[PDB]
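This report refers to the structure that appears directly beneath it.
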Amino acid sequence: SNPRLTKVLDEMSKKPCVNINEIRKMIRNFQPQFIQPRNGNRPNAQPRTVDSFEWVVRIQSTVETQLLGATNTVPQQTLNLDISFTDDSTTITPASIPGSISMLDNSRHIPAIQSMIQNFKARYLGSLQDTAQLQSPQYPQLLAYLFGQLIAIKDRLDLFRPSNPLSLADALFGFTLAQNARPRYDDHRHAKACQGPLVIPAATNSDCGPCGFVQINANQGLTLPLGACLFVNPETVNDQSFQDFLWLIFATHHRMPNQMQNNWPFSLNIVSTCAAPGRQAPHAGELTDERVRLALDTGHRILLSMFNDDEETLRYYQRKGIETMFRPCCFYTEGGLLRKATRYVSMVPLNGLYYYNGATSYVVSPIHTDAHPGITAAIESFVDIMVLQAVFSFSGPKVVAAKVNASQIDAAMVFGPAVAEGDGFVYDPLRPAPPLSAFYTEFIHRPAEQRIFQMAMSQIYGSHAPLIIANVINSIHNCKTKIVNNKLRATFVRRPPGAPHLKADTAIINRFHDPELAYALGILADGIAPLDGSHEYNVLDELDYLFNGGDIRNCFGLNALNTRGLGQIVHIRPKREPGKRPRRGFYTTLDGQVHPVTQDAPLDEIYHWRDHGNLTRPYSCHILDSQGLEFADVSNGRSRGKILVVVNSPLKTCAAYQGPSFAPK
Amino acid sequence: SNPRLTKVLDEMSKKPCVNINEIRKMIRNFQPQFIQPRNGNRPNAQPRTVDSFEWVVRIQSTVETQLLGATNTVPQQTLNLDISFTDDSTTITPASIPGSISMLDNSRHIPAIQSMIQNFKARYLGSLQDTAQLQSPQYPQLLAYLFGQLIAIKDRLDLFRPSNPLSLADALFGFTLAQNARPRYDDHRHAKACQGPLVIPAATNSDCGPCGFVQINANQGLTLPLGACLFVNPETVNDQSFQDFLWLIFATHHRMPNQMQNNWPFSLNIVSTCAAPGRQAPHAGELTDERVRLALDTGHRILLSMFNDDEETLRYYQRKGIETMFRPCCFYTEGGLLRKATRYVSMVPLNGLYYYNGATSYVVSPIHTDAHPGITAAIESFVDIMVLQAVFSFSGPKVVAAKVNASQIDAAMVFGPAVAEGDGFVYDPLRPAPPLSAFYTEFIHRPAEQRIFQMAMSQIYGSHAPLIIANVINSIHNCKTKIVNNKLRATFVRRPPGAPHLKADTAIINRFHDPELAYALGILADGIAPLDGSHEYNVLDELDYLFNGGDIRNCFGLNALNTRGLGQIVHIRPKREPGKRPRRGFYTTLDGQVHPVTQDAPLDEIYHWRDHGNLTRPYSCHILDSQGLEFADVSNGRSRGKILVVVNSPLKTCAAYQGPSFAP
Amino acid sequence: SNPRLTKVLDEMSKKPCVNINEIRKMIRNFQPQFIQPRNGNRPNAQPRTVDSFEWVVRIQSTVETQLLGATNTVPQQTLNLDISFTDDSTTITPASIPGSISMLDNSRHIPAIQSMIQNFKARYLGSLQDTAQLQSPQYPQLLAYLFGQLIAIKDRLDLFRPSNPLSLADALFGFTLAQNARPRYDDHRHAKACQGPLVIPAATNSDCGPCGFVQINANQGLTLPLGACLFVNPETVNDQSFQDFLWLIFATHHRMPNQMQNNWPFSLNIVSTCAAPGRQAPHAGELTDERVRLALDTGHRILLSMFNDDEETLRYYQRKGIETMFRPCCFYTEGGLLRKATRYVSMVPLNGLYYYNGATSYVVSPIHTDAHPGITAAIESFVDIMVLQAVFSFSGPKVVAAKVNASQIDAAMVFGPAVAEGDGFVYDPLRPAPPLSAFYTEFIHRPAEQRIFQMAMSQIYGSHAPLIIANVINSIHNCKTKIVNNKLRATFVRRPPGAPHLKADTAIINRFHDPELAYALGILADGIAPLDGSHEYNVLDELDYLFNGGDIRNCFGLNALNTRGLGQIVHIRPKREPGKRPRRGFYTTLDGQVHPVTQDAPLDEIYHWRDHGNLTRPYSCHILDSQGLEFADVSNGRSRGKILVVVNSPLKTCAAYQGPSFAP
């Protein structure tokens with residue numbers, strides 16, 4: 001019993017959303033055109049070490065409006081997307097909910113492992129023949145996360161070509177470092193990486209690279225260690241690339257923050273049937289580019305075999321790991337927080353029994369070889385943040401404002417039309433700000449911003465939907481981020497810890513980036529209607545739609561003429577009620593003031609809004625309420641013409657303007 | 001005929017309880033993080049000897065809630081799950097009920113030794129079957145208990161690095177100890193270990209170490225000793241690991257207190273065809289860690305062989321040997337009631353015939369290889385007590401009070417409808433405190449609790465449950481602990497002298513720990529809702545249910561707002577409903593303090609209680625009864641909000657919340 | 001529900017496949033004729049050492065056709081069936097699937113040795129049944145593999161007379177070899193034999209040669225060793241032939257590479273009632289050919305006795321030991337894909353108990369007595385690969401290509417209807433070549449291929465098929481070979497450095513050799529017509545079928561006339577059939593080169609291909625697709641002639657052409 005819900009569901013059924021394969025196909029293979037620090041210009045030559053956490057590759061995209069009837073031409077705007085590309089952040093949390101993390105099934109690792117432990121094992125420990133005690137939990141997650149981090153290191157070094165280079169292996173290990181200095185990469189204020197040169201662990205009897213080793217032979221003993229066990233044939237253990245891959249994984253695991261390092265120990269250790277190949281501990285210049293690449297390949301093969309050859313969750317965890325160092329940069333001065341509350345993947349210490357003999361499959365294009373995986377991971381994340389944006393805004397702007405002496409019992413005041421009763425909260429400013437998990441959770445549980453999310457994600461990803469959905473929900477539940485009174489100034493990565501202040505002391509907490517990108521990519525988009533082609537506009541009625549609780553963005557008939565001469569086009573007068581009583585009218589802006597209008601007068605000096613061109617803040621709630629207005633016309637015609645807007649962006653996907661939406665017709 | 005019990009049984013059948021194997025598997029590789037003393041904090045450098053009997057390994061677990069559609073920030077709480085770490089108690093008692101202790105069948109042992117004797121042409125008297133049956137039955141129980149005790153000593157001495165350790169063996173054999181000094185690993189008030197260096201028995205003719213030895217000679221008379229006989233092949237008697245294991249057990253048995261060295265003699269006799277290797281008592285440091293590890297492995301091999309290759313009863317007894325060192329601590333004021341009443345194991349002196357020529361089953365994951373055997377052993381006990389709590393709190397909170405005018409009036413004198421009429425007991429304080437056994441014995445044997453406890457245990461364990469049920473029934477049926485009126489303060493391990501009296505002098509004898517742990521583990525949970533995720537409270541009805549005796553712990557809205565609202569959201573006024581004489585509404589707290597409510601006032605001015613976030617004492621029995629009360633809200637429709645709760649405990653298992661319950 | 005598969009199964013059932021025995025019988029007495037190097041020609045005098053790893057024994061086979069009613073003389077072609085002769089590879093891997101390796105039952109061995117021990121009054125411990133079951137299972141697999149390797153070494157050294165031979169034993173024991181020199185029979189780059197003279201183990205107290213010896217004494221303890229025990233009667237331990245055989249095996253086992261001497265220890269222990277004869281290591285020439293022949297015979301007798309008198313599994317393992325020297329070579333450009341993926345045998349270390357008092361079954365025709373064991377062993381492998389090829393090429397040619405724009409587009413991008421949609425794979429060349437295992441594993445496990453491969457193998461072999469099926473499935477499921485883009489040139493044995501890229505970079509991974517051999521042998525043949533006798537072609541329809549993707553090898557008329565006509569017999573013109581817009585007919589070759597056909601022209605000017613008489617590459621996948629083409633003849637009705645083909649191969653068997661097929 002909800003007409004809007006059923007209408008939207010039927011629409012989404014009519015025009016299925018574009019599954020992610022198109023996004024991957026489009027983004028996989030273009031190099032960035034130019035990379036520069038977010039605020040300013042790049043220097044002549046890049047410094048020795050990435051040290052300013054603002055460098056961001058950007059993706060230009062512009063809009064030009066064009067129409068006859070206006071006084072002068074309209075200047076073009078630059079809707080460009082940015083990618084953080086330097087700053088670090090955590091993404092792994094221990095919390096969980098039912099679907100947040102699942103354990104794989106060792107239904108094809110147990111037969112072989114038992115048949116290989118029954119024969120080559122001293123004939124005095126007894127016959128095992130039970131195939132039921134080999135039931136340790138199967139959680140091969142953290143390996144993929146570390147793999148992703150390693151790929152991220154490689155990509156970050158490639159993009160920001162430093163002046164004096166070093167081999168990726170050399171930079172990662174950091175042989176020629178100082179006592180407690182930062183690694184060659186990731187050396188800045190926010191950097192979180194174990195400093196100092198990496199230390200090889202020890203010179204024990206049974207070594208097989210960085211991890212422990214146990215053999216199964218007659219004149220020996222057998223005792224499976226506690227962590228994970230990767231049972232492999234003697235052929236590969238004595239191979240070369242595999243040893244290098246193990247060393248690389250170990251190396252990237254010891255650069256995590258010390259505390260998080262203690263939480264999730266690197267417990268891998270291999271068991272086979274041949275003599276232990278002593279640890280090699282490469283140093284100075286043993287590993288080189290091609291050898292590293294070969295090791296990466298073999299490692300990917302190993303991980304795929306560990307995942308029961310799933311390759312869709314593998315790519316998921318790999319993306320999530322690579323996301324600690326690449327991520328989209330917000331676009332609105334509000335502060336770019338919608339991402340910060342959706343970035344956590346639950347995890348558990350790795351464990352289980354794994355057997356690896358061959359390949360069992362071949363994937364045409366794995367993530368680790370696609371010409372800068374960082375960008376593709378960042379955009380793969382953005383294509384989800386935008387869907388979340390679309391679902392939250394399904395009802396209204398969902399503002400959160402500040403008022404002094406607000407009741408510390410309930411924080412729900414009605415703001416007027418265009419803001420549904422549920423949303424539109426308020427909070428005292430002089431006390432610590434709210435936690436921002438006290439709103440989102442309340443938003444994504446209702447059976448209107450839930451089913452939409454369900455079906456949209458289902459169409460985007462298909463069978464491997466639940467995992468993402470479940471996980472993101474968990475992220476929302478425990479997010480410590482808080483709302484703040486500051487601005488990002490649109491040329492920063494983080495709020496400058498000075499005294500930026502809000503224009504209206506309020507924050508809209510459901511906008512992350514302009515919906516135009518959502519339309520272009522084909523994903524779901526809401527509210528705001530698309531602007532790419534000829535449009536019939538009726539100012540005399542569009543403006544009316546505005547003052548009764550709209551937003552200017554839908555009203556592309558106004559922005560065109562905002563200061564091109566709208567003045568001598570339309571007048572506003574209080575009301576001409578021919579009967580009961582001649583009362584006067586007024587309107588309320590996003591602030592509290594309720595300045596009124598008494599007589600006929602040109603519109604240009606009653607509202608007088610800032611003119612950006614044809615790209616205004618979509619959820620700014622310019623006017624909340626207004627009663628008693630007429631909007632007379634002051635020119636025959638000249639208020640029922642045409643307008644043409646052209647937007648060309650480099651990320652136009654395959655099915656660009658054929659996606660579901662429910663913006664006013 | 002009872003409907004509630006039928007409903008509970010049906011629900012339990014439909015939703016099976018979690019198998020024990022998951023709980024075992026999820027602890028094998030748990031790394032502890034806190035080893036602080038229970039009360040204070042770790043000193044800079046660890047001592048040289050385990051003296052303060054207050055240390056505890058703390059399994060931290062955090063819960064924090066949030067008020068959806070509000071700007072309030074409730075501080076996060078802490079589920080402090082404490083495991084006692086240095087304190088000695090006894091879990092052995094020679095008193096058994098019919099099913100308590102079984103007799104492992106010697107079906108596969110007698111024929112092998114018969115054939116051995118026949119092959120080596122030894123002249124024995126009488127068919128070995130009847131002589132085995134009457135002369136020596138087959139009870140190997142003891143030899144597993146000592147093994148568990150040894151593992152526990154190792155684990156204890158490992159976790160608490162005493163600033164200059166020696167070895168497992170050097171702190172066990174008491175080399176360089178004064179004749180009155182206590183062993184290094186256990187030196188504190190009221191310990192349970194004999195002191196001074198242990199003395200090896202005199203070297204007689206034939207010895208296989210610390211126990212007698214008898215060799216079987218061709219064409220020569222053979223007569224068995226009186227204890228237990230462990231026939232072995234000659235290849236093993238000359239092994240170093242075997243003798244080292246034997247020595248370690250002998251040492252562990254001569255360290256338990258003096259009086260139990262004359263009731264459970266460690267009698268054993270190795271029999272083989274070798275030449276008596278003679279005892280080679282290790283004297284100086286000569287038992288290195290790898291040698292001790294090999295000793296433990298071979299020992300577990302022999303033990304598992306003796307138990308007819310069962311590995312389940314063996315695991316049970318090995319664990320029961322460990323609680324003598326590692327115990328699960330209580331989480332309430334008047335604790336040490338459930339654990340103190342379920343620890344004993346019925347036992348018989350070690351005797352019978354055994355045979356070990358080679359191992360047959362390869363146990364993949366024995367106890368002693370876990371990350372820390374103490375923790376694994378303690379958690380299983382915790383599960384047992386959790387289920388026992390679940391069954392006990394099936395029909396109320398089971399209060400016991402100390403009212404001076406106890407004789408003048410009968411029971412149900414003070415406890416209104418809250419405490420189910422039939423589960424409240426009183427006793428005048430002139431006499432000493434009663435014996436807890438009296439109450440628990442009557443509690444357990446009611447058909448309603450029996451028929452459910454049996455099913456729960458059977459689901460948890462399976463074919464091996466009956467031993468555990470019988471043993472716990474015996475233990476609870478045999479307990480000397482008294483319900484002492486004093487308090488524990490929840491910041492100690494042993495009750496300190498001079499502690500203050502309990503709250504209202506009413507001990508509650510069901511609680512041992514919060515049920516959230518039981519929910520997380522996926523085991524049977526009592527009638528408490530699981531604070532897991534999104535909740536939709538309604539403060540009016542919720543509050544009304546409280547004043548009918550219900551537990552505040554089932555009221556989420558109140559706990560969330562305990563000090564952040566409820567002074568501007570809800571009021572209390574007397575009911576003026578009919579035209580009859582107006583009456584002053586009143587409600588009765590636990591101690592019989594009838595409280596009158598004459599003039600309507602904000603709730604926070606009529607009733608109070610400490611704010612523990614959302615973790616309040618489950619069965620605190622706050623309001624016994626109330627009559628004539630009304631609750632009206634004074635907020636413009638924002639008294640029906642939503643809350644979110646997150647419980648990220650580190651001991652969550654596979655069956656997260658799939659376990660049965662009473663009030664879903 | 002699948003009709004094609006049902007038809008194939010019905011046809012296979014109606015026409016049984018040839019039993020393996022005929023193939024074995026038709027090779028026992030085959031005399032090879034050519035021993036030239038694969039590439040060049042035999043030098044005047046043979047070398048003194050086997051170095052060039054390119055020699056091959058060539059089984060020549062000739063086919064020549066004739067155009068009935070014509071004066072043309074097509075030159076005779078040559079089915080070059082090459083058998084690699086000096087090249088070492090490994091066919092051992094410790095990785096098994098459930099049916100891969102069985103455990104021969106010790107039903108008839110334990111009782112005999114039990115009775116022997118009882119008769120000789122030896123004091124043993126424990127009934128031998130359970131000790132056999134747990135302490136030592138019965139896997140004699142290894143000792144047959146070494147025997148096969150020894151036979152193979154003999155055969156290799158025999159065929160290639162190295163201009164001054166010494167003996168089987170003098171080239172095996174490495175007498176007079178430098179500490180770095182390699183053994184005479186195997187001295188070349190990337191060999192697989194340990195170098196230098198082999199060193200005898202030290203002479204201890206009791207030895208029956210190169211292995212330990214234990215005698216059973218009346219009224220004396222007896223304890224078995226840890227490896228395998230081979231009880232024998234005293235009459236044999238003192239025999240010369242037995243010890244010579246034992247020495248030969250020991251020598252062969254110490255010559256295989258160093259790293260497999262520590263994973264498959266040659267552990268054995270003779271047990272008897274004699275006096276330890278002591279090791280008598282032959283040192284100078286003292287193993288004459290007749291003595292070695294006797295050694296081999298007695299050895300095969302003992303082996304057959306150990307295998308429960310099976311002689312089928314024994315033959316299989318003996319053969320599998322030989323391919324390590326003799327392999328069947330490929331007959332295509334991108335070969336070494338099928339044989340490289342089906343060679344491994346799952347194995348377990350040698351152990352258990354055995355008993356040999358006298359032979360019981362007299363195998364008439366053992367392997368080692370054949371004219372040349374290498375050839376006989378290689379041919380059986382060839383049969384296995386032939387059947388495997390037959391099953392693989394059941395639904396198309398299974399192409400794999402290297403297109404740079406692989407990611408941008410999905411599969412079926414280039415391969416028209418010719419390559420069954422679902423059997424074409426691509427990969428960008430930026431990454432290294434994929435693993436062949438990935439493709440083959442998916443190929444084999446489809447139900448359609450499984451249900452036919454099983455039946456084919458069962459018909460060929462019988463009760464012993466399941467071992468072979470399981471072992472081949474394991475091997476193919478475990479292969480490290482990569483699909484390297486390079487070419488082989490068909491005039492070598494090992495891929496030479498610097499060879500040119502493949503044709504269109506598209507490897508085809510079904511072909512191993514021409515199906516005419518499979519037809520002749522009477523085994524299952526893929527969907528290729530057998531060019532046997534009189535044929536009645538019709539060039540028009542035949543040519544039309546080609547341009548629908550069919551294989552040119554099924555078009556006899558075209559191949560016969562490839563360069564003798566088809567420039568004056570048939571023309572190609574665009575189809576002008578309807579009144580719609582005329583369109584330029586086009587056809588697409590393998591590499592996606594769309595070819596337009598605008599003006600009608602003689603066929604030889606539109607399409608070309610090399611003339612190999614009538615033996616063209618079977619699955620070359622010439623024309624993927626074509627649309628809008630017409631074929632009209634310009635000869636006065638002499639385009640429907642007859643042809644004759646004669647295939648007088650020297651390895652024809654009884655079931656000449658009675659085997660099943662797909663397109664009869």
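Ordered as shown in the structure tokens, chains take letters A, B, and onward, while each chain numbers its residues from 1 and ligands are numbered from 1 in the order shown.
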Considering only C-alpha atoms, extract the chain B residues located within 9 Å of chain A and return them as a compact mmCIF listing (two decimals) with N, CA and C atoms, in the first residue's frame.
```txt
# COMPACT_ATOMS: atom_id res chain seq x y z
N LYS B 25 36.41 -26.00 18.33
CA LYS B 25 37.18 -25.56 17.18
C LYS B 25 37.43 -24.06 17.20
N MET B 26 36.52 -23.29 17.78
CA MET B 26 36.65 -21.84 17.76
C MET B 26 37.54 -21.31 18.88
N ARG B 28 40.63 -23.28 19.69
CA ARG B 28 41.93 -23.93 19.59
C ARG B 28 43.04 -22.92 19.33
N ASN B 29 42.72 -21.79 18.72
CA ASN B 29 43.72 -20.83 18.28
C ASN B 29 43.35 -19.43 18.74
N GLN B 66 23.03 2.70 20.58
CA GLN B 66 22.79 4.04 19.98
C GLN B 66 21.27 4.30 19.94
N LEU B 67 20.82 5.53 20.21
CA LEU B 67 19.39 5.92 20.19
C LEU B 67 19.06 6.54 18.82
N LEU B 68 18.55 5.74 17.88
CA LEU B 68 18.19 6.19 16.51
C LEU B 68 17.27 7.42 16.61
N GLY B 69 17.54 8.49 15.84
CA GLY B 69 16.74 9.73 15.86
C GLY B 69 16.94 10.52 17.14
N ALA B 70 18.19 10.64 17.60
CA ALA B 70 18.59 11.37 18.82
C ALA B 70 20.06 11.80 18.71
N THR B 71 20.49 12.74 19.56
CA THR B 71 21.87 13.28 19.59
C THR B 71 22.55 12.89 20.91
N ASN B 72 22.12 11.79 21.53
CA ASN B 72 22.69 11.27 22.80
C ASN B 72 23.76 10.22 22.46
N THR B 73 24.84 10.14 23.24
CA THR B 73 25.97 9.19 23.02
C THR B 73 26.22 8.38 24.30
N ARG B 301 49.63 -40.71 23.57
CA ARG B 301 49.42 -41.90 22.75
C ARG B 301 49.06 -43.10 23.62
N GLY B 358 51.22 -50.75 19.63
CA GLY B 358 51.37 -49.65 18.70
C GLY B 358 50.09 -48.86 18.59
N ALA B 359 50.19 -47.55 18.39
CA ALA B 359 48.99 -46.73 18.29
C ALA B 359 48.16 -47.15 17.09
N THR B 360 46.87 -46.81 17.14
CA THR B 360 45.95 -47.24 16.09
C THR B 360 45.16 -46.08 15.51
N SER B 361 44.88 -45.06 16.31
CA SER B 361 44.13 -43.90 15.85
C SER B 361 44.97 -42.65 16.08
N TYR B 362 44.96 -41.76 15.10
CA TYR B 362 45.82 -40.57 15.10
C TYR B 362 44.94 -39.35 15.36
N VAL B 363 44.79 -39.01 16.64
CA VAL B 363 44.00 -37.84 17.01
C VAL B 363 44.67 -36.61 16.42
N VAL B 364 43.94 -35.88 15.58
CA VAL B 364 44.54 -34.77 14.85
C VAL B 364 44.86 -33.61 15.79
N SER B 365 43.95 -33.29 16.70
CA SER B 365 44.03 -32.07 17.51
C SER B 365 43.82 -32.40 18.97
N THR B 369 47.97 -29.63 22.54
CA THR B 369 48.54 -28.85 21.45
C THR B 369 47.79 -27.54 21.21
N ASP B 370 46.70 -27.29 21.92
CA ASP B 370 45.98 -26.05 21.73
C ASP B 370 46.89 -24.86 22.04
N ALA B 371 46.43 -23.67 21.66
CA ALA B 371 47.22 -22.47 21.92
C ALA B 371 47.45 -22.30 23.42
N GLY B 533 20.41 -6.65 17.66
CA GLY B 533 20.32 -5.69 16.58
C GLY B 533 19.21 -4.69 16.82
N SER B 534 18.64 -4.22 15.71
CA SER B 534 17.63 -3.17 15.78
C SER B 534 16.47 -3.61 16.67
N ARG B 564 19.07 9.68 30.41
CA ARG B 564 19.05 10.66 29.34
C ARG B 564 17.66 11.19 29.08
N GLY B 565 16.64 10.50 29.58
CA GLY B 565 15.28 10.98 29.51
C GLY B 565 14.50 10.53 30.72
N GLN B 568 11.33 13.65 31.36
CA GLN B 568 10.52 14.52 30.51
C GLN B 568 9.76 13.73 29.46
N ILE B 569 9.68 12.41 29.57
CA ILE B 569 9.07 11.59 28.54
C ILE B 569 7.90 10.80 29.10
N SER B 635 5.59 13.85 26.14
CA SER B 635 6.37 14.27 24.98
C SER B 635 5.52 14.12 23.73
N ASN B 636 5.72 15.04 22.78
CA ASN B 636 4.89 15.05 21.59
C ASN B 636 5.35 13.89 20.71
N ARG B 638 7.32 11.14 20.72
CA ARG B 638 8.72 10.71 20.44
C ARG B 638 9.20 9.86 21.62
N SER B 639 8.30 8.99 22.10
CA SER B 639 8.52 8.00 23.18
C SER B 639 8.49 6.56 22.64
N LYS B 642 13.49 4.00 18.09
CA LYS B 642 14.22 2.78 17.78
C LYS B 642 15.63 2.88 18.35
N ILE B 643 16.21 1.72 18.68
CA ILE B 643 17.58 1.66 19.18
C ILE B 643 18.35 0.61 18.40
N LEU B 644 19.66 0.76 18.40
CA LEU B 644 20.58 -0.18 17.77
C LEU B 644 21.59 -0.65 18.81
N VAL B 645 21.88 -1.94 18.80
CA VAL B 645 22.84 -2.54 19.72
C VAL B 645 23.80 -3.40 18.93
N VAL B 646 25.08 -3.35 19.29
CA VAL B 646 26.13 -4.10 18.62
C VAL B 646 26.92 -4.86 19.68
N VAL B 647 27.08 -6.16 19.48
CA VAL B 647 27.78 -7.03 20.43
C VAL B 647 28.84 -7.78 19.64
N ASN B 648 30.05 -7.23 19.59
CA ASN B 648 31.15 -7.83 18.85
C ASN B 648 32.08 -8.58 19.80
N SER B 649 31.55 -9.64 20.40
CA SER B 649 32.36 -10.44 21.30
C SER B 649 33.38 -11.26 20.51
N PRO B 650 34.55 -11.54 21.09
CA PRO B 650 35.57 -12.30 20.36
C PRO B 650 35.38 -13.80 20.42
N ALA B 656 25.65 -18.40 15.47
CA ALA B 656 25.64 -17.10 16.14
C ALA B 656 24.47 -16.90 17.08
```
>> Near chain B, meaning an atom within 12 Å, which residues of chain C appear when counting only C-alpha atoms? Write them as a list in words.
In response: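 On the chain C side, the interface is residues 117, 118, 121, 122, 123, 124, 125, 126, 127, 128, 130, 131, 132, 133, 134, 135, 136, 219, 220, 221, 222, 223, 224 and 225 of chain C.
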Spatial neighbours of stretch 52-61 of chain C, 6 Å, only C-alpha atoms, chain gap at least 3 places, as a tab-separated table (two decimals) with N, CA, C and O atoms, in the first residue's frame:
```
chain	number	residue	atom	x	y	z
C	34	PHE	N	64.24	-48.55	-39.27
C	34	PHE	CA	64.93	-47.26	-39.32
C	34	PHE	C	65.29	-46.82	-37.91
C	34	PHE	O	64.44	-46.82	-37.02
C	35	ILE	N	66.55	-46.43	-37.72
C	35	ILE	CA	67.00	-45.90	-36.45
C	35	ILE	C	67.69	-44.57	-36.69
C	35	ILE	O	68.60	-44.18	-35.95
C	37	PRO	N	68.38	-40.51	-36.87
C	37	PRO	CA	67.97	-39.37	-36.06
C	37	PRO	C	66.75	-38.71	-36.66
C	37	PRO	O	66.55	-38.71	-37.87
C	38	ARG	N	65.92	-38.13	-35.79
C	38	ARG	CA	64.66	-37.55	-36.25
C	38	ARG	C	64.90	-36.57	-37.38
C	38	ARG	O	64.24	-36.63	-38.43
C	78	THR	N	53.63	-40.32	-46.84
C	78	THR	CA	54.28	-41.18	-45.82
C	78	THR	C	53.77	-40.88	-44.39
C	78	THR	O	54.09	-39.79	-43.88
C	79	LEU	N	53.00	-41.80	-43.78
C	79	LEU	CA	52.52	-41.70	-42.37
C	79	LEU	C	53.71	-41.92	-41.43
C	79	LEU	O	53.87	-43.05	-40.95
C	80	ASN	N	54.50	-40.87	-41.19
C	80	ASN	CA	55.72	-40.92	-40.34
C	80	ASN	C	55.35	-41.07	-38.86
C	80	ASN	O	55.22	-40.04	-38.18
C	81	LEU	N	55.20	-42.31	-38.38
C	81	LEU	CA	54.91	-42.64	-36.95
C	81	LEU	C	56.25	-42.73	-36.21
C	81	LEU	O	56.89	-43.80	-36.28
C	82	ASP	N	56.68	-41.66	-35.53
C	82	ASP	CA	57.99	-41.57	-34.83
C	82	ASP	C	57.88	-41.94	-33.34
C	82	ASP	O	56.97	-41.40	-32.68
C	83	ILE	N	58.77	-42.81	-32.82
C	83	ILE	CA	58.87	-43.19	-31.38
C	83	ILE	C	60.15	-42.61	-30.74
C	83	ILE	O	61.19	-43.25	-30.96
C	84	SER	N	60.10	-41.56	-29.86
C	84	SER	CA	61.27	-40.98	-29.21
C	84	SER	C	62.05	-42.08	-28.52
C	84	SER	O	61.47	-43.02	-27.96
C	85	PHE	N	63.36	-41.97	-28.56
C	85	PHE	CA	64.24	-43.09	-28.27
C	85	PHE	C	65.31	-42.78	-27.25
C	85	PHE	O	65.72	-43.67	-26.51
C	86	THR	N	65.79	-41.54	-27.19
C	86	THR	CA	66.78	-41.12	-26.19
C	86	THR	C	66.34	-39.76	-25.66
C	86	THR	O	66.76	-38.72	-26.17
C	87	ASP	N	65.49	-39.77	-24.64
C	87	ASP	CA	65.09	-38.55	-23.97
C	87	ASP	C	64.44	-38.97	-22.66
C	87	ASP	O	63.62	-39.89	-22.64
C	493	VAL	N	62.59	-33.23	-31.79
C	493	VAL	CA	61.97	-33.92	-30.67
C	493	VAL	C	61.67	-32.96	-29.53
C	493	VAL	O	60.59	-33.00	-28.93
C	649	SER	N	49.74	-50.00	-43.96
C	649	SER	CA	50.55	-49.76	-42.78
C	649	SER	C	51.05	-51.08	-42.20
C	649	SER	O	50.38	-52.11	-42.31
```
> Expressed in Å to a single decimal, how great is the separation between atom CA of residue C:664 and atom CA of residue C:385?
Replying inline: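 Rounded to one decimal, the two atoms are 22.0 Å apart.
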